[PDB]
Amino acid sequence: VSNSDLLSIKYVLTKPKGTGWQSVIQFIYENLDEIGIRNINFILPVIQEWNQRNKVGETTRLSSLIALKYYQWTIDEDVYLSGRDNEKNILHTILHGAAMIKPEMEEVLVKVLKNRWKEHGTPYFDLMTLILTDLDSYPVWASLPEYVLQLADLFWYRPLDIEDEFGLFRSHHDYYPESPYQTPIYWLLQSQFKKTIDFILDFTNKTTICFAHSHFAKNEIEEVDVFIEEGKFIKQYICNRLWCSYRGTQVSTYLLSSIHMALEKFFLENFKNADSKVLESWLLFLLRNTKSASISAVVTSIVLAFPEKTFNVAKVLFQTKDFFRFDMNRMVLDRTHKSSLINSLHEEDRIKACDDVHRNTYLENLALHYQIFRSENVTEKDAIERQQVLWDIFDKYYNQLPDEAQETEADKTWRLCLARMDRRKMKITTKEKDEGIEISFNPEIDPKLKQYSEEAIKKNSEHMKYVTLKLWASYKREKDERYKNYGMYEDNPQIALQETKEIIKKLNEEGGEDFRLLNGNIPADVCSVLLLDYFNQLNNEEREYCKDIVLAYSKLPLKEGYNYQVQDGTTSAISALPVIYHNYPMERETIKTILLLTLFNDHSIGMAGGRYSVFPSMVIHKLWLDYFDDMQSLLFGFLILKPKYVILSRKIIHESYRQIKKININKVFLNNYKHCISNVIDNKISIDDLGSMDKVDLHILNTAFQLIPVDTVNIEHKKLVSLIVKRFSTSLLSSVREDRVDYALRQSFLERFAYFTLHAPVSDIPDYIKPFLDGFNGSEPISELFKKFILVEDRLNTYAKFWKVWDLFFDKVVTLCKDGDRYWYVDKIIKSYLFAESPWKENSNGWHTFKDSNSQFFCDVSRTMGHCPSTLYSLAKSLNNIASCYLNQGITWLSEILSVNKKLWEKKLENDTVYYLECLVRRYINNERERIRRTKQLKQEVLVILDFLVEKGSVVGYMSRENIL
Amino acid sequence: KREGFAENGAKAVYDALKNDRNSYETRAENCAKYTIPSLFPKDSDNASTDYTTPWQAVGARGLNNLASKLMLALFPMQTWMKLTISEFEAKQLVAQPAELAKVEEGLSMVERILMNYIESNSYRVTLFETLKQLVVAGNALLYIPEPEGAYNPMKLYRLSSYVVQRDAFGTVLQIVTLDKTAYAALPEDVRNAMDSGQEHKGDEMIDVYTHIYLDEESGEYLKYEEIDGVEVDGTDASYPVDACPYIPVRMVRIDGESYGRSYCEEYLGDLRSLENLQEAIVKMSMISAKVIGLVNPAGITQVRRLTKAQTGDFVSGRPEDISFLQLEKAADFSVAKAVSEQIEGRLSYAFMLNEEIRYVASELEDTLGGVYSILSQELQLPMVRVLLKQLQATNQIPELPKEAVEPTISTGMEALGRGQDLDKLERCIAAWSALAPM
């Protein structure tokens, strides 16, 4: 922030002034025996606000000593201090001054380590936890690192989810977004290098041995001989989960991940300009002492990062065979993990780490690179010697290969790996391009192994055969213009149809699981795409084929034992039924039957409370324009027949106990109710033929309510809507719990009701909302109603109709606040009515439904509802963003409320009320300074609010008075 | 001898009901296999099979992220319950302002004792684990102990350890748990209870069955424990229907069922396809028999010396100016990658790894308010009722008038001034000042 005026800065931040702070803190300290440690509870904010800004000097010593004495008193009295991880707490006051109280801190740590107080409820446990978890503890990490290492050794390890197998406490998920900044290790490496390296090695050895002998590891963990010197080998445990620990690409302990990340980051940052002899000596020290391959991975990473400094380490890594296998697995995971990513301190460090340049390379590239390239410090004699070393290593690997009849595919893979490295057996060719010069390196290859490679490559191309068609159809379905790249299927509908016939044959001719998993839904999506987008270009044979496939897939949800999965192809098929219904009059009986039986499906989808019946509902909404009588027959048929289907379901279940998936319920139902179903097909049902809705369940009535068009003018539709609203409102307004409506059903009803009301003519609106005007009370669905009206008005922009609805409820809300807003849900109702509960955007100029004329609403509100504290909260919150266009008048409204309703100065307030008032008054003065100076009335009106803020202890209020006066 | 539900014994009802649980267990096993297998392992051939690690990391990461967000709508660090006062009783208690101050300070100390009990007994931990079980298996069971010692966290049961039976209205009729422990580890009077019959070895696992069942001549659930069809004496107890200490929980609600359904069942085909593509990309890398690269600065370092016939000769260059096409060379790589991107788009949306009204009103609010409220019904409200009654039974909180004092959970949202003052400003200043160079 560049400017230096408190009326204009983005945030206000402050610090102590004057010698009074030092005088008071010293006087409290010197007389603490006469005041007594129980009674000093008033001084705690003073010592807190000093240590927040000043971290050296005598007053910072005294403040920290007072906080420590009070903490020790609470320990001796067993009284609880509320564990809540708050910046303003007492323990932070201790930690912020820890550079000044090193002898006292050392004594506390010695006592903890002596008594082994490592368990919840023992002395000092919270402070120890912070020292191991919180960045504010860094003066301790700088001052006393030898004790912090011992504390971590005591608190992290539990001797004999996968963290149990590693031998670790489940406090471990404190470190959940794993990162180099999760633990003190990154700073202890700077503070005490040698001792921290010892600690990392010991902890890793213990922990890996604990996992390796678990039942968890038994069929994942391998062991390998690792070369160190001529004739010298050691054994290490290894698997993909251990190797990738420092990357986070594998499911492994967040604590161990964070430790290994910190080690890699330290070596990459601090040895960047080091002497090669120093750097190589430490990398070899790490290799000799680890029993876990997770360290060897970190060493390999550093060798890949500084390749011209570290050849003598790379020479050792190339002589162990299995490191090539696991590093190649890492490289494939690194080249994909970033997309699956794509706490901000940690997450930006993860994203940046995915952009590290050295992640792209791997050990094969390095082995080839030393045979080809020479950099500025390397002589030709050196490069010749490097070639000789690598060629001895290759020759010693060739000599060990088995007799060729014995080979397994692992051997063939290793031979191909060796062929990619040995320059002696390669040809070269080159081509110039816009980006540089392309090089191709061509190995000379054994015919038996060549034929193996050719067969496997072919088999891959045989599997991946239809993936481009799948891509094209999916992009086309989702209307993503990336389909335009696929000109082999765009402009080619008949090619897509021919390949679809191949797929349908393969599925029918005993198609396997691996095939059906990837390819089993392509006929449905291709046929729906052709019917929806290309119908004019198809011939009649092609059209009929597409029709037969779409109608076949649409019937699958009617078979028993069906379970919904998101891309099974059925929803793609159902979406194309309007085209078939329009074009083929012989199909209409079948399609009416399919739609009716699918509306009876009540299974839920997703977390938000939707149901499968949405899919046929979208079809029905496209047909009301041309086929009104047919669709109305479906509506009345549903309301008649759905209550009978549930009874028949219970009967079939009961008889399946008497003697369920054995019985095709739909075939039974279709045979019992032939007469009524014939009335549905022939369109012979009316609103006179329905029963009274007095006992039908609300789920059934909502399912019908969602089928009626929201802008309909039909008499029978309007008459049916009028029944459903009375039925619902009777249950919503009840205080009896037995009547209570489900949350998702309640949201679903209220939003649709808002759409029906705001599309109505202006003179009909008082008849729509009448059941809620007559029954108005303090119950929660009154709040939800107001929120849904605000949402639909933001979508529709129906100015006069919204303000008519709001004008009709005013007297009811005014009457309600006179009982006091503490009852039932009255305060929530007030806040909803005054726009304070909705999620608005961050920088609104205003709202399209607010105009100059509507300022009289807020005038009446502040005149009539001023005593309820919810009113003051709501106005202050609104004038700061969504109602910002009335600010000059809002100052009058707030000043009046505070001047008349004296009890507000003594009552309790809503959270952030003071914060919003501070923002408002500070924003106004910056615009209006000269007028406030020159005009008596404006100055008095502002000073009322500033005096209220000073009465509540606001610093910003105080400074604003000293500016204005 | 027992009557009603308990007539045949706890082991008979467990074996009777276990038949119905198999489909739900199978679904849970399949969901675990493609996310984190140790959440619900069931494979028998452990002489050959691991808790098999997938190539795709998306399932594990998405599950952890979803549980972390649910454990912030539910159970935040701020106040999430209200001990309401009945308005009819408030209209009586208003007779003195001093009494209203004392009464509401009493409710304040009880609310602080509830949040004290939640944090001091670290309920946050087991609740996080429970949410993981609900996401992957749809079903979980909790038990709240009678207080002993200083510290009393809960106990959590997986679906394979219990059975439950429900009426047409979702009401719990009975529960049975199967519990196991070695003979020598049992309490001394329990070790003395099994002298007869077969000779127990010291490490022989004993199957103990707990039966909880509803009464009719009393408004109570009744409890006992059972071994080999014989009741363990002294384990008998009774609880009113309003405050039973056993709490079975469902992620999704279905009528006519004992049990709920998991979230990721809808997406198992996507996960199973993504793994299938990743394995092929690995094989596509391994089989390649040729390597191809490029030199970046327009060839101003002369590569012709490599085309000249000498293996012992070197180009002047760096890893700063050289690169290789080691996977991107392969012909089907680009389309396999593209389909993987589409599948990960659907999965990452589903696990939430993503006009003046903000449209998070759909996906951060409306999508969760359902499961948030339903877990308030089936998890939070029973828990606070049991905790209140336990605190009264241990004399820790007063016997306040039941007509006045009643609990409620305030699902929703917290204030924001304190929030930016700490998270955006002072914690950031702490991080920035601590991380500054030497």
# chains A, B, ... in the order shown; residues from 1 in each chain; ligands from 1
>>> residues_around(residues="residue 136 of chain B", least_positions_apart="6", cutoff="12 Å", atoms="only C-alpha atoms", output="NGL selection string")
:B and (24-41 or 59-60 or 62-64 or 66-67 or 129-130 or 158-159 or 250-252 or 260-268)
>>> residues_around(residues="segment 679-696 of chain A", least_positions_apart="3", cutoff="9 Å", atoms="only C-alpha atoms", output="MDAnalysis selection string")
chainID A and resid 588:589 592:593 629:630 632:634 636:637 639:640 643 674:676 699:701 716 720 723:724 727
>>> interface_residues(of="chain A", to="chain B", cutoff="7 Å", atoms="only C-alpha atoms", output="PDB file with N, CA and C atoms, in the first residue's frame")
ATOM      1  N   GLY A  83      -9.185 -24.692  23.790  1.00  0.00           N
ATOM      2  CA  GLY A  83      -8.382 -25.046  22.634  1.00  0.00           C
ATOM      3  C   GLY A  83      -9.057 -24.727  21.316  1.00  0.00           C
ATOM      4  N   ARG A  84      -8.589 -23.666  20.672  1.00  0.00           N
ATOM      5  CA  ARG A  84      -9.284 -23.124  19.512  1.00  0.00           C
ATOM      6  C   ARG A  84      -8.385 -22.562  18.416  1.00  0.00           C
ATOM      7  N   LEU A 135       4.195 -21.943  12.562  1.00  0.00           N
ATOM      8  CA  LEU A 135       5.307 -21.131  12.052  1.00  0.00           C
ATOM      9  C   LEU A 135       5.738 -20.041  13.025  1.00  0.00           C
ATOM     10  N   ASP A 136       4.842 -19.611  13.918  1.00  0.00           N
ATOM     11  CA  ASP A 136       5.202 -18.609  14.914  1.00  0.00           C
ATOM     12  C   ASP A 136       6.242 -19.117  15.906  1.00  0.00           C
ATOM     13  N   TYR A 138       9.157 -20.240  15.221  1.00  0.00           N
ATOM     14  CA  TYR A 138      10.509 -20.158  14.658  1.00  0.00           C
ATOM     15  C   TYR A 138      11.609 -19.550  15.541  1.00  0.00           C
ATOM     16  N   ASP A 161      -5.834 -47.333   8.141  1.00  0.00           N
ATOM     17  CA  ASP A 161      -4.952 -46.557   7.277  1.00  0.00           C
ATOM     18  C   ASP A 161      -3.473 -46.872   7.526  1.00  0.00           C
ATOM     19  N   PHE A 216       0.143 -55.322   5.432  1.00  0.00           N
ATOM     20  CA  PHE A 216      -0.126 -54.380   4.354  1.00  0.00           C
ATOM     21  C   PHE A 216       0.903 -54.518   3.231  1.00  0.00           C
ATOM     22  N   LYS A 218       3.013 -57.026   2.337  1.00  0.00           N
ATOM     23  CA  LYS A 218       3.576 -58.353   2.079  1.00  0.00           C
ATOM     24  C   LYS A 218       3.746 -58.669   0.599  1.00  0.00           C
ATOM     25  N   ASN A 219       2.848 -58.172  -0.247  1.00  0.00           N
ATOM     26  CA  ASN A 219       2.886 -58.443  -1.682  1.00  0.00           C
ATOM     27  C   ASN A 219       3.105 -57.190  -2.533  1.00  0.00           C
ATOM     28  N   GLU A 220       3.636 -56.114  -1.944  1.00  0.00           N
ATOM     29  CA  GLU A 220       4.065 -54.911  -2.657  1.00  0.00           C
ATOM     30  C   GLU A 220       5.550 -54.614  -2.500  1.00  0.00           C
ATOM     31  N   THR A 249       2.879 -38.132  -5.415  1.00  0.00           N
ATOM     32  CA  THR A 249       2.085 -38.758  -6.462  1.00  0.00           C
ATOM     33  C   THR A 249       1.512 -40.111  -6.060  1.00  0.00           C
ATOM     34  N   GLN A 250       1.861 -40.619  -4.881  1.00  0.00           N
ATOM     35  CA  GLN A 250       1.424 -41.922  -4.406  1.00  0.00           C
ATOM     36  C   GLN A 250       0.844 -41.798  -3.007  1.00  0.00           C
ATOM     37  N   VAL A 332       6.660 -41.314 -15.844  1.00  0.00           N
ATOM     38  CA  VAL A 332       5.310 -41.379 -16.405  1.00  0.00           C
ATOM     39  C   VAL A 332       4.292 -40.733 -15.462  1.00  0.00           C
ATOM     40  N   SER A 340      -4.020 -33.520 -12.797  1.00  0.00           N
ATOM     41  CA  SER A 340      -4.957 -33.930 -11.758  1.00  0.00           C
ATOM     42  C   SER A 340      -5.007 -32.937 -10.611  1.00  0.00           C
ATOM     43  N   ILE A 372      27.497 -37.872 -25.300  1.00  0.00           N
ATOM     44  CA  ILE A 372      27.240 -37.080 -26.501  1.00  0.00           C
ATOM     45  C   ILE A 372      27.669 -35.614 -26.343  1.00  0.00           C
ATOM     46  N   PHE A 373      27.377 -35.013 -25.202  1.00  0.00           N
ATOM     47  CA  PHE A 373      27.481 -33.577 -24.970  1.00  0.00           C
ATOM     48  C   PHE A 373      28.641 -33.212 -24.051  1.00  0.00           C
ATOM     49  N   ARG A 374      29.311 -32.108 -24.377  1.00  0.00           N
ATOM     50  CA  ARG A 374      30.439 -31.590 -23.610  1.00  0.00           C
ATOM     51  C   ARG A 374      30.186 -30.125 -23.282  1.00  0.00           C
ATOM     52  N   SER A 375      30.265 -29.794 -22.000  1.00  0.00           N
ATOM     53  CA  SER A 375      30.041 -28.444 -21.510  1.00  0.00           C
ATOM     54  C   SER A 375      31.370 -27.757 -21.211  1.00  0.00           C
ATOM     55  N   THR A 413      12.320 -56.420 -21.846  1.00  0.00           N
ATOM     56  CA  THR A 413      12.213 -55.005 -21.502  1.00  0.00           C
ATOM     57  C   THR A 413      13.569 -54.414 -21.132  1.00  0.00           C
ATOM     58  N   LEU A 416      15.689 -54.002 -24.269  1.00  0.00           N
ATOM     59  CA  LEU A 416      15.281 -52.794 -24.987  1.00  0.00           C
ATOM     60  C   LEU A 416      15.776 -51.533 -24.286  1.00  0.00           C
ATOM     61  N   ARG A 420      18.511 -48.494 -25.740  1.00  0.00           N
ATOM     62  CA  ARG A 420      18.275 -47.058 -25.813  1.00  0.00           C
ATOM     63  C   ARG A 420      19.435 -46.227 -25.267  1.00  0.00           C
ATOM     64  N   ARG A 424      27.439 -46.983 -29.023  1.00  0.00           N
ATOM     65  CA  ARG A 424      28.255 -47.764 -29.949  1.00  0.00           C
ATOM     66  C   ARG A 424      27.415 -48.469 -31.009  1.00  0.00           C
ATOM     67  N   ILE A 428      22.602 -42.347 -36.739  1.00  0.00           N
ATOM     68  CA  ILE A 428      22.136 -40.976 -36.525  1.00  0.00           C
ATOM     69  C   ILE A 428      21.498 -40.457 -37.814  1.00  0.00           C
ATOM     70  N   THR A 429      20.409 -39.689 -37.682  1.00  0.00           N
ATOM     71  CA  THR A 429      19.851 -38.895 -38.775  1.00  0.00           C
ATOM     72  C   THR A 429      19.167 -37.653 -38.203  1.00  0.00           C
ATOM     73  N   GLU A 435      11.577 -25.064 -34.962  1.00  0.00           N
ATOM     74  CA  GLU A 435      11.993 -24.954 -33.568  1.00  0.00           C
ATOM     75  C   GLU A 435      13.477 -25.236 -33.339  1.00  0.00           C
ATOM     76  N   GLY A 436      14.196 -25.707 -34.342  1.00  0.00           N
ATOM     77  CA  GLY A 436      15.582 -26.118 -34.182  1.00  0.00           C
ATOM     78  C   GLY A 436      15.898 -27.249 -35.147  1.00  0.00           C
ATOM     79  N   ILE A 437      16.796 -28.139 -34.731  1.00  0.00           N
ATOM     80  CA  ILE A 437      17.123 -29.330 -35.509  1.00  0.00           C
ATOM     81  C   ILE A 437      16.698 -30.574 -34.737  1.00  0.00           C
ATOM     82  N   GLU A 438      15.829 -31.370 -35.359  1.00  0.00           N
ATOM     83  CA  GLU A 438      15.443 -32.675 -34.835  1.00  0.00           C
ATOM     84  C   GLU A 438      16.540 -33.709 -35.073  1.00  0.00           C
ATOM     85  N   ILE A 439      16.815 -34.528 -34.057  1.00  0.00           N
ATOM     86  CA  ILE A 439      17.754 -35.641 -34.162  1.00  0.00           C
ATOM     87  C   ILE A 439      16.979 -36.927 -33.913  1.00  0.00           C
ATOM     88  N   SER A 440      17.206 -37.941 -34.744  1.00  0.00           N
ATOM     89  CA  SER A 440      16.734 -39.292 -34.461  1.00  0.00           C
ATOM     90  C   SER A 440      17.921 -40.221 -34.248  1.00  0.00           C
ATOM     91  N   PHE A 441      17.901 -40.957 -33.140  1.00  0.00           N
ATOM     92  CA  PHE A 441      18.944 -41.914 -32.788  1.00  0.00           C
ATOM     93  C   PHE A 441      18.386 -43.317 -32.993  1.00  0.00           C
ATOM     94  N   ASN A 442      19.039 -44.114 -33.837  1.00  0.00           N
ATOM     95  CA  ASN A 442      18.442 -45.367 -34.307  1.00  0.00           C
ATOM     96  C   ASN A 442      19.244 -46.573 -33.845  1.00  0.00           C
ATOM     97  N   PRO A 443      18.769 -47.341 -32.857  1.00  0.00           N
ATOM     98  CA  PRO A 443      19.569 -48.483 -32.382  1.00  0.00           C
ATOM     99  C   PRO A 443      19.527 -49.659 -33.339  1.00  0.00           C
ATOM    100  N   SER A 453       8.802 -56.468 -30.092  1.00  0.00           N
ATOM    101  CA  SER A 453       8.370 -55.072 -29.988  1.00  0.00           C
ATOM    102  C   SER A 453       7.256 -54.753 -30.983  1.00  0.00           C
ATOM    103  N   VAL A 467     -11.130 -44.827 -30.129  1.00  0.00           N
ATOM    104  CA  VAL A 467     -11.026 -43.736 -29.159  1.00  0.00           C
ATOM    105  C   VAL A 467     -11.275 -42.370 -29.801  1.00  0.00           C
ATOM    106  N   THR A 468     -10.897 -42.198 -31.071  1.00  0.00           N
ATOM    107  CA  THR A 468     -11.160 -40.927 -31.741  1.00  0.00           C
ATOM    108  C   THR A 468     -12.651 -40.703 -31.976  1.00  0.00           C
ATOM    109  N   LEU A 471     -14.070 -39.663 -28.641  1.00  0.00           N
ATOM    110  CA  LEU A 471     -13.726 -38.262 -28.404  1.00  0.00           C
ATOM    111  C   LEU A 471     -14.638 -37.319 -29.176  1.00  0.00           C
ATOM    112  N   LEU A 517     -16.159 -52.382 -21.247  1.00  0.00           N
ATOM    113  CA  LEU A 517     -15.832 -51.296 -20.323  1.00  0.00           C
ATOM    114  C   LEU A 517     -15.527 -49.997 -21.060  1.00  0.00           C
ATOM    115  N   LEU A 518     -14.730 -50.074 -22.119  1.00  0.00           N
ATOM    116  CA  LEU A 518     -14.337 -48.861 -22.821  1.00  0.00           C
ATOM    117  C   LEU A 518     -15.282 -48.502 -23.965  1.00  0.00           C
ATOM    118  N   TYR A 564     -28.109 -47.167 -12.100  1.00  0.00           N
ATOM    119  CA  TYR A 564     -27.693 -45.994 -12.865  1.00  0.00           C
ATOM    120  C   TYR A 564     -26.214 -45.675 -12.688  1.00  0.00           C
ATOM    121  N   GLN A 565     -25.536 -45.412 -13.809  1.00  0.00           N
ATOM    122  CA  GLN A 565     -24.177 -44.889 -13.831  1.00  0.00           C
ATOM    123  C   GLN A 565     -24.071 -43.862 -14.953  1.00  0.00           C
ATOM    124  N   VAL A 566     -23.233 -42.842 -14.731  1.00  0.00           N
ATOM    125  CA  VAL A 566     -23.386 -41.524 -15.359  1.00  0.00           C
ATOM    126  C   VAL A 566     -23.288 -41.567 -16.891  1.00  0.00           C
ATOM    127  N   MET A 607     -25.460 -35.549  -4.974  1.00  0.00           N
ATOM    128  CA  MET A 607     -25.624 -35.130  -3.587  1.00  0.00           C
ATOM    129  C   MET A 607     -26.722 -34.091  -3.393  1.00  0.00           C
ATOM    130  N   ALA A 608     -27.124 -33.382  -4.451  1.00  0.00           N
ATOM    131  CA  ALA A 608     -28.010 -32.227  -4.332  1.00  0.00           C
ATOM    132  C   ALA A 608     -29.489 -32.581  -4.246  1.00  0.00           C
ATOM    133  N   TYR A 743     -36.009 -31.221   3.477  1.00  0.00           N
ATOM    134  CA  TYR A 743     -35.310 -30.008   3.042  1.00  0.00           C
ATOM    135  C   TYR A 743     -35.241 -29.894   1.522  1.00  0.00           C
ATOM    136  N   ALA A 744     -34.854 -30.979   0.846  1.00  0.00           N
ATOM    137  CA  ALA A 744     -34.681 -30.927  -0.603  1.00  0.00           C
ATOM    138  C   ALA A 744     -36.013 -30.715  -1.312  1.00  0.00           C
ATOM    139  N   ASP A 794     -33.507 -11.710  -9.483  1.00  0.00           N
ATOM    140  CA  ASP A 794     -32.208 -11.442 -10.098  1.00  0.00           C
ATOM    141  C   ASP A 794     -32.113 -12.086 -11.477  1.00  0.00           C
ATOM    142  N   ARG A 795     -32.744 -13.250 -11.659  1.00  0.00           N
ATOM    143  CA  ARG A 795     -32.726 -13.841 -13.003  1.00  0.00           C
ATOM    144  C   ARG A 795     -33.660 -13.114 -13.981  1.00  0.00           C
ATOM    145  N   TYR A 823     -37.394 -14.637  19.297  1.00  0.00           N
ATOM    146  CA  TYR A 823     -38.296 -15.786  19.237  1.00  0.00           C
ATOM    147  C   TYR A 823     -38.119 -16.584  17.945  1.00  0.00           C
ATOM    148  N   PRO A 839     -26.149 -14.369  -1.055  1.00  0.00           N
ATOM    149  CA  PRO A 839     -24.731 -14.264  -1.450  1.00  0.00           C
ATOM    150  C   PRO A 839     -24.429 -13.380  -2.661  1.00  0.00           C
ATOM    151  N   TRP A 840     -24.229 -12.084  -2.426  1.00  0.00           N
ATOM    152  CA  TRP A 840     -23.976 -11.106  -3.477  1.00  0.00           C
ATOM    153  C   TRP A 840     -22.497 -11.087  -3.881  1.00  0.00           C
ATOM    154  N   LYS A 841     -22.242 -10.575  -5.087  1.00  0.00           N
ATOM    155  CA  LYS A 841     -20.881 -10.413  -5.585  1.00  0.00           C
ATOM    156  C   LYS A 841     -20.169  -9.273  -4.854  1.00  0.00           C
ATOM    157  N   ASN A 911     -22.647 -10.136  15.179  1.00  0.00           N
ATOM    158  CA  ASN A 911     -21.250 -10.100  14.761  1.00  0.00           C
ATOM    159  C   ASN A 911     -21.062  -9.238  13.512  1.00  0.00           C
ATOM    160  N   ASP A 912     -19.892  -8.586  13.444  1.00  0.00           N
ATOM    161  CA  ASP A 912     -19.458  -7.646  12.406  1.00  0.00           C
ATOM    162  C   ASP A 912     -20.280  -6.371  12.259  1.00  0.00           C
ATOM    163  N   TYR A 915     -17.846  -3.579  12.475  1.00  0.00           N
ATOM    164  CA  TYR A 915     -16.973  -3.560  11.301  1.00  0.00           C
ATOM    165  C   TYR A 915     -17.621  -2.843  10.117  1.00  0.00           C
TER     166      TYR A 915
END
>>> residues_around(residues="residue 242 of chain A", least_positions_apart="5", cutoff="8 Å", atoms="only C-alpha atoms", output="list in words")
residues 252, 292, 293 and 294 of chain A
>>> write_last_selection(atoms="N, CA, C and O atoms", output="CSV table (one decimal), in the first residue's frame")
chain,number,residue,atom,x,y,z
A,252,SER,N,0.7,-42.2,0.4
A,252,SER,CA,1.7,-42.4,1.5
A,252,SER,C,1.6,-41.3,2.6
A,252,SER,O,1.0,-40.3,2.3
A,292,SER,N,16.2,-47.5,3.2
A,292,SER,CA,15.0,-47.2,2.5
A,292,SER,C,15.2,-46.5,1.2
A,292,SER,O,16.0,-45.6,1.2
A,293,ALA,N,14.6,-47.0,0.1
A,293,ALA,CA,14.8,-46.4,-1.2
A,293,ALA,C,14.3,-45.0,-1.4
A,293,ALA,O,14.6,-44.4,-2.3
A,294,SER,N,13.4,-44.6,-0.4
A,294,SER,CA,12.9,-43.3,-0.5
A,294,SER,C,13.9,-42.2,-0.3
A,294,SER,O,13.7,-41.0,-0.8
>>> atom_distance(atom1="atom CA of residue 660 of chain A", atom2="atom CA of residue 604 of chain A")
20.7 Å
>>> select_by_dssp(residues="segment 141-295 of chain A", states="strand (DSSP E)", output="PyMOL selection string")
chain A and resi 222-229+232-238
>>> closest_residue(among="A:579, A:813, A:91, A:305", to="residue 547 of chain A", atoms="only C-alpha atoms")
A:579
>>> residues_around(residues="residue 946 of chain A", least_positions_apart="4", cutoff="9 Å", atoms="only C-alpha atoms", output="mmCIF file with N, CA and C atoms, in the first residue's frame")
data_model
loop_
_atom_site.group_PDB
_atom_site.id
_atom_site.type_symbol
_atom_site.label_atom_id
_atom_site.label_comp_id
_atom_site.auth_asym_id
_atom_site.auth_seq_id
_atom_site.Cartn_x
_atom_site.Cartn_y
_atom_site.Cartn_z
ATOM 1 N N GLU A 918 -17.870 0.953 10.783
ATOM 2 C CA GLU A 918 -16.564 1.568 10.565
ATOM 3 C C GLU A 918 -16.312 1.816 9.080
ATOM 4 N N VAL A 921 -18.785 4.793 7.658
ATOM 5 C CA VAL A 921 -18.481 6.169 8.047
ATOM 6 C C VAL A 921 -17.151 6.602 7.449
ATOM 7 N N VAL A 942 -23.178 12.683 11.724
ATOM 8 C CA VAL A 942 -22.034 11.768 11.694
ATOM 9 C C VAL A 942 -21.492 11.512 13.106
ATOM 10 N N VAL A 950 -17.005 4.825 19.465
ATOM 11 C CA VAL A 950 -16.044 5.045 20.546
ATOM 12 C C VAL A 950 -16.545 4.431 21.856
ATOM 13 N N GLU A 951 -17.861 4.475 22.099
ATOM 14 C CA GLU A 951 -18.435 3.814 23.273
ATOM 15 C C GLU A 951 -18.168 2.311 23.268
ATOM 16 N N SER A 954 -13.901 1.439 19.530
ATOM 17 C CA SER A 954 -13.327 1.400 18.188
ATOM 18 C C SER A 954 -12.168 2.381 18.065
ATOM 19 N N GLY A 957 -12.978 4.645 14.949
ATOM 20 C CA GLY A 957 -13.921 5.704 15.302
ATOM 21 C C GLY A 957 -13.263 6.888 15.990
ATOM 22 N N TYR A 958 -12.361 6.597 16.932
ATOM 23 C CA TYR A 958 -11.643 7.631 17.671
ATOM 24 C C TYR A 958 -10.798 8.495 16.737
ATOM 25 N N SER A 960 -11.186 8.903 13.589
ATOM 26 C CA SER A 960 -12.044 9.669 12.689
ATOM 27 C C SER A 960 -12.575 10.934 13.351
ATOM 28 N N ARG A 961 -12.939 10.868 14.644
ATOM 29 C CA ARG A 961 -13.328 12.107 15.328
ATOM 30 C C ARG A 961 -12.179 13.106 15.360
#
>>> closest_residue(among="B:215, B:22, B:196, B:71", to="residue 4 of chain B", atoms="only C-alpha atoms")
B:215
>>> residues_around(residues="segment 395-400 of chain B", least_positions_apart="6", cutoff="12 Å", atoms="only C-alpha atoms", output="list in words")
residues 83, 85, 103, 104, 106, 107, 108, 109, 110, 111, 112, 113, 114, 117, 147, 387, 388, 389 and 406 of chain B
>>> atom_distance(atom1="atom CA of residue 24 of chain A", atom2="atom CA of residue 94 of chain A")
18.7 Å
>>> select_by_dssp(residues="segment 201-291 of chain B", states="alpha helix (DSSP H)", output="list in words")
residues 268, 269, 270, 271, 272, 273, 274, 275, 276, 277, 278, 279, 280, 281, 282, 283, 284, 285 and 286 of chain B
